[PDB]
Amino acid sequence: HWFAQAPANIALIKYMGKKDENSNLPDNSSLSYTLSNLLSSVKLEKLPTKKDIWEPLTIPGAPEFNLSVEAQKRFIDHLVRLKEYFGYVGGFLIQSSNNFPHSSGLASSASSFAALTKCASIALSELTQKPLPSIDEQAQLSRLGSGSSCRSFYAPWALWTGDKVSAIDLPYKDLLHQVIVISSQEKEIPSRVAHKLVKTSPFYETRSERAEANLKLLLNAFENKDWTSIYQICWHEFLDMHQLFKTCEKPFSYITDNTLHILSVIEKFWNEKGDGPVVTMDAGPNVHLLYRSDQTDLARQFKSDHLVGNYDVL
């Protein structure tokens, strides 16, 4: 058997799967923070069969009850893609796992494909006696399965622009990451399906331009040690994306009155303390908080004054 892990990552500027389906290049650049403590793992074992089998596992290592078709479909196809790259014929039992709380949000997607790419590279390289691809190359490969995952190969910050993904040196490195858990509604639209639906939003056409412009301002804000501007820009950024969800042909939303309540409280907090956490959301209901190394107490204060007894925090 073979094993490997990869960290999840949270994007300040969203990629959103918006890409040129010709060259497979991203329509706009994306910048993300690597969450080194949240890991996805993948164990691979050969099967006497030529077909792969996917068996997700819970933290302890017991089978996870999961009846997914779409997610499974993509994961298997990526392994097959990798086996083709190495010219390998044979099936593998795939056992993936997360070290984080599970459910209640937490996108495993990116870190899971990164771990699979890493593990299959080790396994396949050994099995076929082929050169093991470099880190940069593995990112490129993982990219083919999950765009977001290519950013999980770099730390602490990853910048994905054009045909290149790499680590980027920015002024804030050891952040405190917390997730405000907002439970999903009855028939929630999957992150990947959201990426397709937003196409009918009148603001979609100009989405990448705004993303690029936001990135330029964001980088400048980092260059100036301007945490307040980082906050405001990332704020506009994720709201921009979510607005796409509610302005398409059949409006939908992850954000609810409950989400708005805590988001509002965070604003009042920033105004009150003159400082606060950087905030962002993905194509889901959870709200992510990012605090500086010197904000541990402020973080504890906000949590005690506004999160305790109202929201679950991861």
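Residues carry their position along the shown sequence, with the first being 1.
For the pair 55 to 63 and 278 to 286, the record assigns the higher mean C-alpha temperature factor to 55 to 63. Legend: mean Cα B-factor per stretch from the PDB entry, 32 to 40 versus 254 to 262; the higher mean is in 32 to 40. As recorded in the entry, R192 carries the highest CA temperature factor of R192, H78, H242, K118.
Comparing the listed residues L197, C150, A155, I180, the entry records the largest Cα B-factor for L197.
In the deposited entry, the Cα temperature factor of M16 places it in the highest third of its chain's modelled residues. Among all modelled residues in this chain, the alpha-carbon of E137 has a temperature factor (C-alpha) in the middle third. Sort the modelled residues of the chain by CA B factor and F100 lands in the highest third. Sort the chain's modelled residues by C-alpha temperature factor and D174 lands in the highest third, per the entry. When the CA B factors of the chain's modelled residues are split into thirds, the value for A8 lands in the lowest one.
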